[PDB]
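A lone chain, given as structure tokens: the form whose entry title says "closed conformation".
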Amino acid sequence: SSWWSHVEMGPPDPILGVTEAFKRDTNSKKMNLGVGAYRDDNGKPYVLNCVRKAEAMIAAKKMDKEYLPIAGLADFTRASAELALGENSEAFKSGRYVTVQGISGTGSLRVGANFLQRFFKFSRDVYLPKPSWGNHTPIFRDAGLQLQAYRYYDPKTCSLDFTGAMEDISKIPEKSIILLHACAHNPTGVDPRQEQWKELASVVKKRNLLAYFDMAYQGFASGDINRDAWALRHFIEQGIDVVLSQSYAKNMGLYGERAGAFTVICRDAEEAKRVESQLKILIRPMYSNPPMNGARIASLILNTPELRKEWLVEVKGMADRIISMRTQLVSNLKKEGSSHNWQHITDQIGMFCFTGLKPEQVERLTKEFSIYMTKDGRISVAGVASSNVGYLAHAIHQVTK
């Protein structure tokens, strides 16, 4: 009897645990469709061109490694607020925002969850779509709030349960918190239609609910960043003061460097100035100040005309390629002799597909073909190259056939 004799064996990460098991496999044909991670068309991890150049200039500068303020790099902070909101925005123009550099999306999400825990005096409840990205549950629980749900997907029709959503949303108690994904819903690939987004807005506004936007895939739903941010900005200008988490993990392909941000839209420049201070008191006893590299790459890109330009060409190339792969998937499916309807595959947007495979089929896939995906049937199409689309097709067919 030791200090830790009572500490039991906790299970591997639902998602993250998929790269683990993937690593270990000896099949030369294994494919990791586990986490939303882009592979170029050789299915080689891809580092954007503009990032490679952003690193070169920093390099060249012979920059110091001195501690960054508790809120992060001013320049990255400010440039993110902008990417989120648009430069014309009254919110942005007026300075009624506070943006803190955070530990990528996951970290922004959590500083955010702990901020609310601490200053959101109106409710302990955070309402999450059904289904949501797995980590939302624990981020929120470890922070100290309660979890609730609003109906989102409908597996019968492979899309948005707009009447059911509208119903749960309409009954959320005034002033609770609700998590909405900005675009490329994870895990479903289904997003409200402009029109729907206008309606959600109304009911959100009407119930005076605190809107919390998870924006990890901006430029991944349509190949266009301003378009992707539509719903977000439509809210704020409808008079909704949101909170949001942003990640550069996928759109900049900055994954392991970890760069993200957390923002609060307040009412004044003075309120923003007051929240900033508190965000900083909260963040100090956490990790004191954040990782400088990712913030530095991104800020040079966002703030360098040519670097941003290149950035959109290449954020465009990624969205497209995911599209050719969806296309081609469906195609081989039919070509392999698939009897099923694979329309959702090319219907869905973002990095994933929500295929509908049942667990024994997901399991056989892993075991017989070395194709690694989460057991909810979600596969990352992000991860498919011209070279293995055939292989996935076949596999999919065998196990389904």
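Shifts are known only where both forms have a C-alpha. Take the two forms, superpose them, and find the largest set of C-alpha atoms that agree within 1.5 Å; that set is the rigid core. We number the residues from 1 along the sequence you see.
* To do: May I ask you to compare 200-208 and 293-301 by their mean CA B factor in the entry and name the higher one?
  => Comparing 200-208 with 293-301, the higher mean C-alpha B-factor belongs to 200-208.
* Comparing 86-94 with 112-120, where is the mean C-alpha B-factor higher? -> According to the entry, 86-94 carries the higher average C-alpha B-factor.
* Asked: Highest Cα B-factor in the PDB entry belongs to which of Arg308, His234, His181, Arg151?
  -> When the deposited C-alpha B-factors of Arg308, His234, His181, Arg151 are compared, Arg308 is largest.
* Taking the values straight from the PDB record, which of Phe369, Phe352, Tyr38, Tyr67 has the highest C-alpha temperature factor? -> Highest C-alpha B-factor among the listed options: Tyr38.
* Asked: Lowest, middle or highest third: where is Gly253 by Cα B-factor in its chain?
  -> Bottom third by C-alpha B-factor.
* Sorting the chain's CA B-factors, does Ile396 end up in the lowest, middle or highest third? -> According to the entry, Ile396 has a C-alpha B-factor in the chain's middle third.
* Asked: C-alpha B factor of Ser132, ranked within the chain: lowest, middle or highest third?
  -> Tercile = lowest for this residue's CA B-factor.
* To do: Among all modelled residues of this chain, ranked by Cα B factor, put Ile265 in the bottom, middle or top third, i.e. lowest, middle or highest.
  => According to the entry, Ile265 has a C-alpha B-factor in the chain's lowest third.
* Could you tell me which third, lowest, middle or highest, the C-alpha B-factor of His185 occupies within its chain? => According to the entry, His185 has a C-alpha B-factor in the chain's lowest third.
Although not depicted, the form whose entry title says "open conformation" is the subject of the following passage.
* To do: Compare the position of the CA of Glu336 between the shown form and the other one after a rigid core fit and state whether the shift reaches 2 Å.
  => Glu336: C-alpha displaced by 2 Å or more between the shown form and the other one.
* **Rigid core superposed: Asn49 CA moves 2 Å or more between the shown form and the other one** => Shift at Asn49: below 2 Å after core fit.
* Run through the residues found in both forms and list the stretches of 3 or more in a row whose CA moves by 2 Å or more between the shown form and the other one, fitted on the rigid core. => Runs moving 2 Å or more: 12-36, 327-347, 356-377, 383-401.
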